[PDB]
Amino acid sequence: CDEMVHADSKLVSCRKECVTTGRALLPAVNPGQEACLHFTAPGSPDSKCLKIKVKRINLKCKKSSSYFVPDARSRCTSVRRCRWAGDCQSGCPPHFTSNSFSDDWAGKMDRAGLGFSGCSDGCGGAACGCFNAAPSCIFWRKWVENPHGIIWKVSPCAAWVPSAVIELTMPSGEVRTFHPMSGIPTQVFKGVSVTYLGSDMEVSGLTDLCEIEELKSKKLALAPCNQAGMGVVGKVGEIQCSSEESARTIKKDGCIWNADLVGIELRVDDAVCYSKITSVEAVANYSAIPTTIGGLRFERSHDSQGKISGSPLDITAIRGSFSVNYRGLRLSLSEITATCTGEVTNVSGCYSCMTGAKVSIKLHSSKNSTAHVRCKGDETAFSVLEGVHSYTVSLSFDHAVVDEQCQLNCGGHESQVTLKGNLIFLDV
């Protein structure tokens, strides 16, 4: 097993009772690493074997206020009336503001729909067909509608919190996998308890991301977005609604937007509509779960405290700590370093991209361990299994043609592998 215990002590704890007790500290346990502790009673040379393993440490999205986003399509129309016809009596009437409708539009329109209307001056003379010679009125409105009724629920991730899953193997052979309470001792067997002291992750300053979920396809995505109530043009949430029903038809009462998302000019007798709306569907496709951002792999979650869980691809970039309290027993450790040799089969993917290149490598390891791969461009560490298995790791490059040598290491035994491949650049 692995070298995980880095401190062992005999302590005198009191309440006035006082008992001599043993206490071991495991300060840095990466996921996949395993400690094997043996406890021997005074009378019997037999040892009880306890195994302590960090199965996984998940990053959980700590959400802010959620909102809904419709699949918006731009729309507009316009009608012109002479200076003595219709509502246009001596210019634009004062009541025709941004939420006004004209009876001369004749097109099917949602009176409760989200949009922006207005009155403006048009051509006047008889050369454009008006008895009056002064300029006329052009009643126009630009608005958005949601055909197909596609809706996403957007939840910005205000922060990310580690959630550990530990695996403890009893001397009886029973395996207990659970999310531990930090600082709370877990009684494993007679005289011995295990306490999870907390988690550490070396990745910091993660860019702002949001959980995006389509309400009737249930597909998940993770991408930047606006906070609830914000409408910065160019991001998901520029059009947002406070409920699913409001987003179904984009109603005024529940949705907000920036009216400049639809461009409208005013010609003599028509209007051209220029959609400036950012496609939420295109963002959901590009950022679809599973995805890799900032060296963190984000996938669908196996628990209920968040549908998305994250973890670094470099397995040594996140760690747990343990305290083992044992009384009436003597501690011994099972420790051996690992060895591994490797060959890389293919190197494909993209360079200077968010995902990073994909390096395929087959590797034989003497035991379950952690393999390290270090190039001049990037480094990573991943868990490997005993025997011969193939692995696909993510390494970043900044050039198209890759032909360099990198180092491979398990437990201090260093080897070399050959990366030969070609990478592409993604469009924006």
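One-based numbering along the sequence shown.
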item: Per the entry, higher mean C-alpha B factor between 25-33 and 38-46; value: 38-46
item: Of 348-356 and 324-332, the one with larger mean CA B-factor; value: 348-356
item: Out of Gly234, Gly310, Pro171, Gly342, highest CA B-factor residue; value: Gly342
item: Given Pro162, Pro290, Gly294, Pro147, the residue at which the Cα B factor reaches its maximum; value: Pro147
item: Cα B factor band for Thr370 (lowest, middle or highest third within the chain); value: middle
item: Cα B factor band for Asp269 (lowest, middle or highest third within the chain); value: highest
item: Third assignment of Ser390 from its chain's C-alpha B-factors; value: highest
item: Where the record places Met109 (Cα B-factor, split into thirds across the chain); value: highest
item: Ranked C-alpha temperature factor of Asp314 among modelled chain residues, by third; value: lowest
